[PDB]
Structure formats: structure tokens, C-alpha cells
Ligand code: HEM
Ligand code: HEM
Ligand SMILES: Cc1cc(N)nc(CCc2cncc(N3CCN(C)CC3)c2)c1
Ligand SMILES: Cc1cc(N)nc(CCc2cncc(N3CCN(C)CC3)c2)c1
Ligand SMILES: C[C@H](O)[C@H](O)[C@H]1CNc2nc(N)[nH]c(=O)c2N1
Ligand SMILES: C[C@H](O)[C@H](O)[C@H]1CNc2nc(N)[nH]c(=O)c2N1
Ligand SMILES: [Zn+2]
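Here's what the structure looks like:
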């Protein structure tokens with residue numbers, strides 16, 4: 067009946083329609099001819126204004142004052158501002174609403190049940206790389222909270238017409254060095270080879286461990302990036318052990334507590350915040366399956382399977398599945414032991430299902446990228462697998478941005 | 069223009085140029101992607127253009143494009159459509175068409191095998207009774223005492239103003255699902271509706287968890303007829319576990335032959351509403367989806383208790399542990415019974431080989447990432463890290479409405 071995507075859950079047999087996608091002002095990569103949903107990565122004052130008006134409309138709706146005197150006055154204020162300067166500025170509460178809505182709108186994020194609980198640090202007064210470092214350290218301290226993790230975003234000044242960007246060169250605030258070896262192999266995290274080599278070019282004295290924490294390359298406008306070593310006590314790490322396999326601890330594996338994405342662009346009302354690092358807490362599969370078992374990452378699956386004495390010479394022994402499970406268990410157990418917030422893929426996906434129901438009632442839908450939402454192990458054992466999802470771009474949004482170099 | 073397709077594990081990049089040969093729209097639009105949806109929401123120059131396209135594919139396949147045999151065949155098809163509103167395929171064209179349809183099936187991880195398909199031409203079928211004979215021979219051939227062989231049997235095409243030949247069952251082998259009035263379901267909950275149709279049409283029900291259903295076969299514009307499959311035709315594999323001796327006591331089993339029977343085969347604009355096809359199982363289909371899905375046999379918690387796992391909390395990964403054991407039991411039992419099966423690692427490795435073969439042969443391969451990536455241990459397989467492009471090529475298998 068309804069002229070909107072019909073969405074089905076195959077476990078429960080329930081149907082919803084997504085009307086929210088009607089609100090999308092930006093095209094994704096798919097066409098009637100071919101779907102490109104699996105691909106990881108596929120102003121004019123008039124353009125700014127319509128985007129700004131849309132956002133201001135969203136803001137006043139969220140506080141139930143659409144059509145009010147203050148709404149019309151803010152609209153007029155923004156138009157005038159853009160008319161004279163080419164850009165405009167957000168009120169503080171507008172920035173808070175926008176950062177939250179950006180998270181709420183992120184189709185690839187399974188942790189959105191928490192979207193309303195986001196501490197927004199306004200750092201739009203920052204004027205140097207040293208100062209970015211102070212704000213980032215404060216962020217890490219607040220967000221880590223000795224293991225009782227709290228979601229947070231720090232927002233640095235927006236892109237300015239005829240001025241260089243604030244940029245954090247690292248993809249995350251915490252990253253392990255990846256050292257290319259003479260034999261062609263990599264020691265540490267191969268995901269971080271390029272950033273490691275950039276840190277070295279910029280004057281970092283490199284270690285040679287598998288778990289060397291990288292320094293931050295921080296770039297204030299129209300300046301070369303400066304290098305900052307995070308004080309070790311600020312970086313909470315968790316040594317990995319297994320509840321029953323006593324030898325697992327002898328592997329010397331570990332991971333850091335705080336997942337803090339630092340290279341993404343936060344777009345609100347046409348304004349672009351090129352440095353706006355945000356953090357939450359880990360879902361256990363990100364560490365145990367992806368970071369530790371991806372072939373192009375630490376790739377420890379074989380090492381663990383050999384320690385567990387599995388038949389690694391045949392696929393049908395399911396040695397990969399067995400080792401991956403014990404590695405995930407080790408991550409969960411070790412985080413719980415060290416009293417550091419973490420969520421397993423079952424608890425996380427159940428909570429995302431609750432989020433979908435919440436959003437269905439609040440907004441008539443929820444943009445969700447199925448391939449990213451379904452966990453990388455045990456997919457169909459979690460409820461999201463059986464949930465059809467509609468993917469589309471709403472704004473405010475977090476977006477990819479080209480690397481500064 | 070053409071999509072840049074990247075493998076994230078290897079760093080390699082291809083360009084899909086095959087997608088431009090798509091003449092059929094999928095469900096996505098630039099505003100929103102609907103790739104995770106299971107089913108679709110919903121003159122004679124049209125037919126002729128699809129007919130000519132297919133005949134062009136066929137003669138190109140035998141390296142005879144432009145030849146007189148080619149030109150004469152296009153005239154035959156055109157003459158027949160102009161006069162009758164339709165046309166018929168030659169057997170060899172049908173064999174080609176069925177293979178291309180499997181080849182083009184974006185949800186199928188087993189396409190490395192596409193060129194090896196036994197095609198039974200059953201277009202001289204005039205009755206439900208005859209359909210049953212063809213189906214029995216298909217099952218006999220395909221099962222081959224456990225040395226499974228891919229096969230398809232093709233029944234008469236749809237014709238204007240005449241009911242379709244249909245097999246009402248979604249698969250040739252299906253376990254009954256009996257809805258007990260105590261809310262629950264005995265047997266396979268996926269098959270409640272079909273089990274009920276069978277009863278209504280006069281089948282005497284069982285009361286077991288693995289009662290093999292009769293086939294409901296429909297010749298055009300007639301009520302469907304009921305046919306019990308000879309038990310000796312339906313090979314089944316008792317499930318046991320190599321190291322957990324208690325597992326066999328669960329009384330679990332599954333059938334050998336996965337034979338889909340309710341899909342439409344479209345070739346050159348002609349539609350074949352009954353064209354059951356079978357290959358062999360990938361172990362996760364049985365172990366993970368059929369036995370562990372919550373809305374199927376849902377045995378996870380049973381196995382976990384028997385493994386004495388901490389069921390209290392998700393963080394113990396009891397589900398993940400029990401699921402691995404069940405999949406292992408499936409592989410072990412099929413291997414012991416000498417019945418063909420493939421695990422999800424071997425299957426996805428062979429699929430990557432297939433993507434590479436197809437890239438060279440056709441400049442692309444339609445693949446539905448959500449279906450290709452196995453339901454457990456996704457990122458542990460190479461396909462997880464492979465970007466894929468989904469689109470509809472013809473010949474194709476399609477969904478069609480249930481005939482009731
Ligand atoms: C609070 C706990 C959180 C959890 C458990 C969580 C979980 C996840 C996971 C598992 C992913 C997939 C990433 C991958 O596999 O590569 C993801 C992506 C993402 N998350 Fe969340 N997240 C949380 C908090 C946040 C916060 C606070 C923000 C921003 C305010 C956020 C924004 C995003 C965005 C923009 C992506 C997509 C980035 C990409 O394309 O890789 N998340 N999240
Ligand atoms: C030879 C061994 C084969 C294997 C291991 C295999 C494997 C699979 C798997 C795992 C799926 C996903 C279905 C699901 O998730 O439930 C699938 C789907 C499919 N297969 Fe294959 N297959 C094989 C042979 C064949 C053959 C012979 C044909 C046709 C001639 C075929 C056509 C299809 C089609 C059309 C689908 C999509 C089903 C749907 O949309 O519901 N397959 N296959
Ligand atoms: C706040 C947050 C919490 C969490 N548990 N996971 C994440 C995602 C981490 C993550 C993993 N892989 C890739 C990315 N993105 C980062 C942005 N980058 C531009 C692309 C890769 C991000 C973020
Ligand atoms: C040839 C073949 C081999 C194999 N191992 N699995 C299959 C998939 C069986 C299968 C699983 N789930 C769903 C479907 N379809 C059947 C067609 N039906 C219309 C929808 C559900 C089919 C087919
Ligand atoms: C090719 C494929 O899109 C790619 O490997 C995706 C799949 N799903 C994912 N899902 C999450 N959560 N994170 C990822 O990095 C990916 N990678
Ligand atoms: C909603 C979601 O698309 C649905 O559960 C899909 C996901 N991927 C799948 N993949 C395969 N191979 N088979 C399936 O039935 C499904 N189901
Ligand atoms: Zn799509």
C-alpha cells in the first residue's frame with residue numbers, strides 16, 4: 067500500500083515502512099541498474126543557505142518551536158550572516174544537537190541506542206596545534222574515565238573560506254605503529270604503515286614493538302603538522318587473557334580501551350568541521366575478530382589455532398571459527414576483568430534492534446547499512462541479520478574526507 | 069560510469085563493465101539502497127528483443143555469430159513471435175540458457191560449478207503424474223548415492239491464457255511443520271503453510287520433527303495433486319559429532335539434496351514456472367540457518383546446555399560455541415556418510431576463484447554480498463573483504479508468486 071520502502075524482519079515476521087528516507091537530501095551510490103551497497107568508499122552561498130535553513134528547521138523542530146518568532150529570527154540571522162561573510166556560525170546548543178544528530182544518522186554504527194548520551198566538547202576557540210593537543214588529552218581523560226567509558230566528541234573550528242583546515246592526521250587517537258620490515262612483512266598493525274612512516278618523516282623516533290602507541294600529527298591552519306606524544310598514563314590498555322586457556326596470556330596481546338575516530342568530517346547545516354574526533358566504547362568483535370584476525374591486520378588466527386592444537390591443514394576442521402571464538406572470548410573476559418567498558422556482539426545487536434524500534438516511532442525509520450551492522454562473526458545468530466534495512470544519507474552527518482597529505 | 073571494485077585484504081582493484089549488460093532494474097535508487105531486502109516489492123517487440131538478445135548470446139557462445147545458422151535462427155524466432163505471440167527454444171539453447179541463469183545468479187556462492195549442470199528437458203510434460211516421474215528421475219540422478227551432481231529439470235514454459243505448471247513446494251525435499259495449538263510448532267516452522275496445504279489436499283500427517291513432505295504438483299488449470307516421494311529416493315544424513323558422543327542422541331538429521339523448486343527460470347523472454355534445480359549443500363545452510371535460526375529448528379540452547387555452557391549471559395559466547403559445534407557435526411556426518419558437502423571456507427575460496435575467472439571472461443560478476451558472505455565467521459572468509467556489484471542479468475532465476 068504505502069509509497070515507501072517496506073521493511074521486513076524475517077525472524078519475527080513483522081513489517082514496517084521507512085518514511086524517513088523521504089528526508090534524504092543526498093544521493094548514495096546505488097542506481098536501479100546496479101547496487102553498490104557493499105563498497106566501503108564510493120560553498121555556493123545558495124547551497125549553504127538551503128542546507129543551513131534545513132538544519133535550523135531540524136533544530137527548531139527538535140525543541141518544538143517550528144514557525145515561532147525565534148525560529149524565523151534565527152533563519153533571518155543565518156541568511157544575513159552568510160550574505161555578508163559567505164559562512165555562518167552555530168549557537169552552542171545547535172552544535173550539540175547537530176553532533177548528536179550526526180551520530181544518530183550514521184548508518185554504519187551499531188551503537189546508536191546511545192546517541193542521546195553524547196558529551197559534546199566545544200573547542201571552536203582553539204587556535205594552535207598545542208591547544209588541539211590539550212583539548213584532545215582532556216577528551217581522552219574524560220572519555221576514558223578510568224575504564225568506565227563515556228561517549229564524547231570534541232569539535233574544533235569549522236572550515237573557513239580562504240584559510241587552512243584544522244586536521245588530525247591520525248585516523249584514530251590511539252593507533253599502534255606498523256613497521257615495515259626488510260623482508261617485506263610488517264611488525265605491529267599493518268593498517269597503520271602509512272601514518273607510522275609520516276610520523277617518522279615528521280621527527281618521531283620509532284620503537285620496534287608490535288604495540289607501540291603512535292604520536293598524534295596535529296595540524297592547525299596553514300601550518301605544518303606538529304607531533305605530540307600522548308602521556309602513557311592517559312592511554313588505557315588492556316592485556317588480553319583467556320578465562321580457561323592459561324597460555325593465551327603468554328601471547329602478549331593487548332588492545333587499547335578507547336576507540337576514538339579522528340579523521341572524519343562532521344557536517345552540520347552546510348558547515349564542515351574537519352577536526353571533530355569522537356569516541357565511544359568497543360564492541361568486542363572489532364578487536365577480537367577484525368583487528369586481531371583480519372589477514373591484513375595482526376593476523377593471529379593461525380598462531381592461536383596452533384596453540385589450541387587444531388587441524389590447520391584443512392578448512393573443514395573449522396579451526397578458524399574455533400580460534401576466532403576463543404580470541405573474542407579473551408577480549409570480552411579481559412576487558413571485564415580490567416573493568417573497562419566493552420559490549421559483545423550479541424548485547425550490541427539486541428540493543429540496536431531496540432534502537433530501530435525507537436527510531437521507527439520517533440522518525441518513521443532509521444538509515445542502516447546492513448553489511449556493517451551485522452557482526453563479522455556469528456552473523457545470523459544475532460537478530461540484526463534477519464532485519465531488512467534501508468540505507469540512505471541524512472544530514473547532519475559524519476563523512477569521509479581526503480587525507481591532508 | 070563503471071564501478072571501481074576493490075578487495076580490501078589484497079589491495080587489488082577491478083572495474084565491472086558487465087553491469088552495463090543489465091536490462092532489468094533492481095530495487096535501489098540514488099536516494100536509498102534496498103540491497104538487504106530478500107524479495108522484490110512487486121508488448122511483443124519486448125519479447126522479440128529479449129529473444130534476439132538471447133539468441134545472440136547463444137550463437138556467440140558457440141563462436142558462430144553472424145553465421146547463416148545464426149541468421150536463420152533469428153528469422154525463425156521472429157516468424158514465430160509475429161504469428162503466435164511467442165516461440166520455442168531448441169534443447170541446446172535451453173541447456174545454454176539454464177547454465178547462464180545459474181552463472182548470473184548473484185546470491186549463489188556455488189557458481190564456480192556453473193558450466194557443469196545436467197539439464198533435463200521436461201517440456202513434453204502434460205500431467206502432474208508425468209511431472210512426478212521427471213522429478214523422481216531428477217532426484218535419482220542428482221543424488222547419485224551421495225556423489226551429488228548439479229541438475230535442473232525444465233517443465234513446459236508459461237503460455238498466454240493458460241495456468242502455469244507449478245511445483246507448490248519451495249524445495250523438493252522439505253520437513254513438515256505441524257502447528258500445535260499450544261502456540262508452538264513441531265518440525266520446520268518455515269514449512270507450516272505448505273504442510274497445511276498438503277493435509278488439506280488429503281495427506282495423512284505424521285507427528286515427527288523430520289517428516290518428509292509429499293510434493294504438490296500442478297498441471298495447468300487443474301487442482302494440484304499429491305505425490306509421496308519413495309523414501310529410498312530421499313537420502314538423509316544422521317547428524318553426529320566427532321568428539322561429543324551425546325550429540326547423536328539429539329536425533330538430528332538433514333536431507334542430502336538441496337533442490338529449489340518454486341523459482342521461475344527466464345530465458346530469452348520465455349518463462350519456465352517449474353524448473354527445479356539442485357546442487358549440494360554448503361554446511362552453514364544446515365548447521366547455522368536451518369538448525370540454529372530462531373524461527374527454524376532453533377537448537378542452539380539445547381546444544382549449549384548439553385555442552386554445559388553458561389547460558390545466563392551473552393558475553394560467554396555460548397551461542398557462538400554451540401553454533402561452531404553444530405556446523406562441525408554437519409560436516410563430519412556428511413563426510414562419514416560419503417555425501418557431498420562443502421564448508422563455508424572452501425566455498426568462499428572457490429567463489430573468489432570464480433570472481434577472477436568471470437572478470438576475465440565477462441569483465442564482471444553480479445554478486446549479492448549479504449548472501450555470498452556466510453552467516454557465521456563472515457570476516458574469516460575472503461569474500462567478506464571483497465567489494466561486489468549486484469545487478470540483474472538475463473537468463474535469470476526469479477521469484478514468482480505462490481500459486482494459491
Ligand atoms: C558508544 C559505543 C559505540 C559503539 C559500541 C559503536 C560501534 C560501532 C561499530 C562496531 C562500528 C563499525 C566500525 C567498523 O567495523 O569499521 C561503528 C561505526 C561508526 N560509528 Fe559507532 N559506536 C559507538 C559510539 C559512536 C559515537 C560516540 C559516534 C559519534 C558521535 C559514532 C559514530 C560512528 C560513525 C560515524 C561510524 C562509521 C565510520 C565508518 O564508516 O567506519 N559511534 N560504530
Ligand atoms: C553445486 C553446489 C551449489 C552450492 C554449494 C550452492 C550454494 C548456494 C547458497 C549457499 C545459496 C544461498 C541460499 C541461502 O542462503 O539460503 C545459493 C543460492 C542460490 N543458488 Fe546456488 N548452490 C549450488 C548450486 C546451484 C545450482 C545448480 C543452481 C541453479 C542451476 C543454483 C542457483 C541458485 C540460485 C538462483 C540462488 C538464489 C536463491 C534465492 O534467491 O532464494 N545453485 N546457492
Ligand atoms: C566511536 C567508535 C566506537 C566504536 N566502537 N567503533 C568505531 C569505529 C572504528 C572504525 C573502524 N574501522 C574503520 C573506521 N573508519 C574510521 C574513519 N575512517 C575515515 C575510515 C575507517 C572506524 C567508532
Ligand atoms: C541449488 C542450491 C544449493 C544450495 N546448497 N543451496 C540452495 C539455496 C536453497 C534456498 C535457501 N533459502 C532460500 C531459498 N529460496 C528458494 C526460493 N524461494 C522462492 C525463496 C527461498 C532457497 C540452492
Ligand atoms: C567489502 C566490504 O564492504 C567490507 O569488507 C566491509 C564489510 N562490512 C564491514 N562491517 C563493519 N562493521 N566494518 C567494516 O570495516 C566492514 N567492512
Ligand atoms: C534481511 C537479510 O537480508 C536476510 O536475513 C538475508 C541476509 N543474507 C542471507 N544470506 C543467505 N545466503 N541466505 C539468506 O537467506 C540470507 N538472508
Ligand atoms: Zn543498493
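Residue numbers (the entry's author numbering), protein chains in the order written: chain A, 67 to 108, 120 to 482; chain B, 69 to 110, 121 to 482.
All residues carry an ideal CB built from backbone N, CA and C; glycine is no exception.
* To the nearest angstrom, report how far apart residue 187 (chain A) and residue 281 (chain B) are at their CA atoms. => For the purposes of this step, residue 187 (chain A) is taken as residue 110 along the first chain, with counting starting at 1. For the purposes of this step, residue 281 (chain B) is taken as residue 203 along the second chain, with counting starting at 1. Cα-Cα distance, rounded: 47 Å.
* Below 7 Å between beta carbons is the criterion; list the residues of the segment 426-457 of chain B that meet it against any residue of chain A, in chain order. => 447, 448, 453, 454, 455, 456 and 457
* Asked: If we ignore side chains and look at the alpha-carbon of each, how far apart do residue 384 (chain A) and residue 376 (chain A) end up?
  -> Residue numbering aside, residue 384 (chain A) sits at position 307 when the first chain is read from its first letter. Residue numbering aside, residue 376 (chain A) sits at position 299 when the first chain is read from its first letter. Cα-Cα distance, rounded: 14 Å.
* Apart from the five residues just before and just after residue 240 (chain A), which ones in its own chain have a Cβ nearer than 6 Å to its Cβ? -> Within the first chain, numbered from 1, the residue matching residue 240 (chain A) stands at position 163. Excluding sequence neighbours, residue 240 (chain A) sits near 298.
* Note down, in chain order, every chain A residue with its Cβ under 8 Å from the Cβ of residue 469 (chain B). => Against the second chain, residue 469 (chain B) aligns to sequence position 391. What residue 469 (chain B) touches in chain A: 99, 100 and 101.
* With a CB to CB cut of under 6 Å and the five nearest residues on each side skipped, what residues in its chain are close to residue 116 (chain A)? -> Gap in chain A between 108 and 120; residue 116 (chain A) lies inside it and carries no coordinates.
* Count the other CB atoms, across all protein chains shown, that sit within 10 Å of the CB of residue 236 (chain B); report buried if there are 16 or more and exposed otherwise. => Here residue 236 (chain B) refers to the residue found at position 158 when the second chain is read from its first residue. Buried.
* **For residue 286 (chain A) and residue 268 (chain A), the rounded distance between their alpha carbons** => Here residue 268 (chain A) is taken as the residue at index 191 of the first chain, counted from 1. Here residue 286 (chain A) is taken as the residue at index 209 of the first chain, counted from 1. Using only the alpha carbons, I get a separation of about 15 Å.
* With distances taken from CA atoms, which of B:276, B:253 and B:137 is nearest residue 265 (chain B)? -> The residue labelled residue 265 (chain B) in the question sits at position 187 within the second chain. Nearest option by C-alpha distance: B:253.
* Relative to the alpha-carbon of residue 441 (chain B), which residue among B:82, B:78, B:76 and B:77 has its alpha-carbon at the smallest distance? -> Along the second chain, one-based indexing puts residue 441 (chain B) at 363. Comparing alpha carbon positions, the residue from B:82, B:78, B:76 and B:77 closest to residue 441 (chain B) is B:82.
* So, does the CB of residue 405 (chain B) fall closer than 8 Å to a CB anywhere in chain A? -> Here the question's residue 405 (chain B) lines up with position 327 in the second chain. Yes, because at least one Cβ of chain A sits closer than 8 Å to the Cβ of residue 405 (chain B).
* C-beta contact flag for residue 454 (chain B) and residue 457 (chain A) at 8 Å -> Position 376 of the second chain, counted from the start, is the residue given in the question as residue 454 (chain B). Position 380 of the first chain, counted from the start, is the residue given in the question as residue 457 (chain A). By the CB criterion at 8 Å, residue 454 (chain B) and residue 457 (chain A) fall inside the cutoff.
* **C-alpha gap between residue 402 (chain B) and residue 175 (chain B), whole angstroms** => Residue numbering aside, residue 402 (chain B) sits at position 324 when the second chain is read from its first letter. Residue numbering aside, residue 175 (chain B) sits at position 97 when the second chain is read from its first letter. For residue 402 (chain B) and residue 175 (chain B), the distance between alpha carbons rounds to 38 Å.
* What do you reckon, is the C-beta of residue 114 (chain A) under 7 Å from a heavy atom of ligand 7? -> The model contains no atoms for residue 114 (chain A), which sits in the stretch where chain A goes from 108 to 120 directly.
* Figure out for me which residue from A:347, A:102, A:336 and A:244 has the closest Cα to the Cα of residue 156 (chain A). => As a working mapping, residue 156 (chain A) is identified with position 79 in the first chain. In terms of Cα proximity to residue 156 (chain A), the closest of A:347, A:102, A:336 and A:244 is A:347.
* **Stretch-stretch touch, CB-based, cutoff 8 Å, three pairs: the segment 158-174 of chain B with the segment 192-203 of chain B** => yes
* Using CA coordinates, which residue listed in B:362, B:342 and B:211 is at the minimum distance from residue 308 (chain B)? -> In the second chain, counting from the first residue as 1, residue 308 (chain B) sits at position 230. Cα-wise, what sits closest to residue 308 (chain B) is B:211.
* To do: With a floor of 3 residues, list each beta strand (DSSP E) that falls wholly inside the segment 75-103 of chain B, ordered by position along the chain.
  => 81-83
* **Inside the segment 285-365 of chain A only - beta strand (DSSP E) runs reaching at least 3 residues** => Taking only runs of at least 3 residues, the beta strand (DSSP E) segments lying wholly in the segment 285-365 of chain A are 293-296, 303-305, 314-316, 331-333, 342-345 and 348-350.
* What separation, rounded to the nearest whole angstrom, lies between the Cα atoms of residue 257 (chain B) and residue 263 (chain B)? -> Against the second chain, residue 257 (chain B) aligns to sequence position 179. Against the second chain, residue 263 (chain B) aligns to sequence position 185. Between the alpha carbons of residue 257 (chain B) and residue 263 (chain B) lies a gap of roughly 5 Å.
* Bridge partners of residue 264 (chain B), per DSSP? -> In the second chain, counting from the first residue as 1, residue 264 (chain B) sits at position 186. Answer is B:256.
* To do: With DSSP collapsed to three states, give me the class of residue 470 (chain B).
  => Locating residue 470 (chain B) in the second chain gives position 392, counting from the first residue. Per DSSP, reduced to three states, the secondary structure at residue 470 (chain B) is strand.
* Counted within 10 angstroms of its Cβ, other Cβ atoms place residue 52 (chain B) as buried (16 or more) or exposed -> One cannot answer for residue 52 (chain B) here, as it falls past the ends of chain B, which runs 69 to 482.
* To do: Round the Cβ separation of residue 354 (chain B) and residue 245 (chain B) to the nearest angstrom and send it over; I've been treating them as touching at under 8 Å.
  => As a working note, residue 354 (chain B) is residue 276 in the second chain. As a working note, residue 245 (chain B) is residue 167 in the second chain. That belief holds up - the Cβ atoms of residue 354 (chain B) and residue 245 (chain B) are roughly 6 Å apart, short of 8 Å.
* To do: Determine contact between the segment 422-439 of chain A and the segment 358-366 of chain A, defined as no fewer than three beta-carbon pairs at a distance below 8 Å.
  => yes
* **Beta-ladder partner(s) of residue 464 (chain B), from DSSP** => Here residue 464 (chain B) refers to the residue found at position 386 when the second chain is read from its first residue. BP columns for residue 464 (chain B) point to B:75.
* Asked: Taking 7 Å as the line, does the beta carbon of residue 137 (chain B) fall inside it for any heavy atom of ligand 4?
  -> Residue mapping note: residue 137 (chain B) aligns to position 59 of the second chain, counting from 1. Result no, Cβ not under 7 Å from ligand 4.
* Look at the Cβ atom of residue 291 (chain A), then the Cβ atom of residue 217 (chain A), and state whether they are nearer than 8 Å. => Residue mapping note: residue 291 (chain A) aligns to position 214 of the first chain, counting from 1. Residue mapping note: residue 217 (chain A) aligns to position 140 of the first chain, counting from 1. In this structure, residue 217 (chain A) does not lie closer than 8 Å to residue 291 (chain A) by Cβ.
* Pull up the DSSP beta-bridge partners for residue 229 (chain A), would you. => Residue mapping note: residue 229 (chain A) aligns to position 152 of the first chain, counting from 1. Answer is A:196 and A:356.
* Nearest CA to the CA of residue 152 (chain B): which residue from B:136, B:140 and B:162? -> Within the second chain, residue 152 (chain B) is the residue found at index 74, counting from 1. Ranking the options by Cα distance to residue 152 (chain B), first place goes to B:136.
* Throw me the rounded Cβ distance for the residue 71 (chain A) and residue 84 (chain A) pair, which I believe falls under 8 Å. => The sequence position of residue 71 (chain A) within the first chain is 5, counting from 1. The sequence position of residue 84 (chain A) within the first chain is 18, counting from 1. That belief holds up - the Cβ atoms of residue 71 (chain A) and residue 84 (chain A) are roughly 5 Å apart, short of 8 Å.
* Asked: Taking buried to mean at least 16 other C-beta atoms within 10 Å of its own C-beta, is residue 190 (chain B) buried or exposed?
  -> Residue numbering aside, residue 190 (chain B) sits at position 112 when the second chain is read from its first letter. By the 10 Å Cβ count, residue 190 (chain B) comes out buried.
* To do: Check the Cβ of residue 211 (chain B) against every Cβ in chain A and list those closer than 8 Å, keeping chain order.
  => Translated into the one-based positions of the second chain, residue 211 (chain B) becomes position 133. Simply none; closest approach about 35 Å.
* Asked: At what residues does the alpha helix (DSSP H) containing residue 449 (chain B) begin and finish?
  -> Against the second chain, residue 449 (chain B) aligns to sequence position 371. Note, residue 449 (chain B): alpha helix (DSSP H), 447-450.
* Heavy atom of ligand 5 less than 7 Å from the Cβ of residue 462 (chain B), yes or no? -> Along the second chain, one-based indexing puts residue 462 (chain B) at 384. For ligand 5, at least one heavy atom lies less than 7 Å from the Cβ of residue 462 (chain B).
* Rounded straight-line distance, which links the Cα of residue 478 (chain A) to that of residue 303 (chain A) -> In the first chain, counting from the first residue as 1, residue 303 (chain A) sits at position 226. In the first chain, counting from the first residue as 1, residue 478 (chain A) sits at position 401. Whole-angstrom Cα-Cα distance: 20 Å.
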